[PDB]
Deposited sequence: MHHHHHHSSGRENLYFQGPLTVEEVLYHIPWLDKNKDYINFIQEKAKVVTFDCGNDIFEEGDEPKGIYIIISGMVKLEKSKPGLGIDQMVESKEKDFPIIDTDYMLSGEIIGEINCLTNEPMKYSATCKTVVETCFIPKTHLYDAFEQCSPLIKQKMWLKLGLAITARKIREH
C-alpha cells in the first residue's frame, strides 16, 4: 500500500524505523508494462527492486518472481554484472532503491544492513535446499 509498508517487509531493514525512514528518502515506486525488461544479462546493477505486484521471469541466455520478492541484492553487494535477464509477464509494480542510496545507508545508517542482506541470502539458500 505505502512505500513505508513495503520497506517494513524487507528482512534486512529489520523493521527499524530509522533505517526505513532513510531508505524512503530516495526509494521510488517504478512500474513496468507487460513484456518490458527490467534489465538484461550483462547490465551493471542499478539497485534493488521489491516486487509489489505482478510476475517477473528471470532468464539466463527460467525462474518466476512474485509479490514480496526482491531483485538485485547479490549484484548490489558484489557490484558484478547481472547474470540473467528479468522480463515482466504482467504489469509489474516495484519499489526501487538506487544502489548508491543503499551504499549510503551502509555508511550513514548501519553497516549491519549489509551483514543482514548476506544473512537473508544465506537463509534463502538453506531454505531453498530443503524446498
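Several segments of the deposited sequence have no coordinates for C-alpha: 1-19, 81-101, 172-173, numbered from the first residue.
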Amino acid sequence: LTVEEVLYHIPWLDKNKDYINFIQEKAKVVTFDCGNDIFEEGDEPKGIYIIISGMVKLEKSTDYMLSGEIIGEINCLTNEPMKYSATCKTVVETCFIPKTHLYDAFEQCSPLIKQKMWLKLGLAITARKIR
From here on, numbers count along this sequence of modelled residues.
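The PDB entry gives the largest Cα B-factor of the residues 67, 62, 87, 75 to 62.
Sorting the modelled residues of the chain by their CA temperature factor places residue 118 in the lowest third. Split the chain's modelled residues into thirds by C-alpha temperature factor. Residue 54 is in the lowest one. In this PDB entry, residue 100 carries a Cα temperature factor that places it within the highest third of its chain's modelled residues. Among the modelled residues of the chain, residue 79 sits in the highest third by CA temperature factor in this PDB entry. Ranked within its chain, residue 93 lands in the lowest third, by CA B factor from the PDB record.
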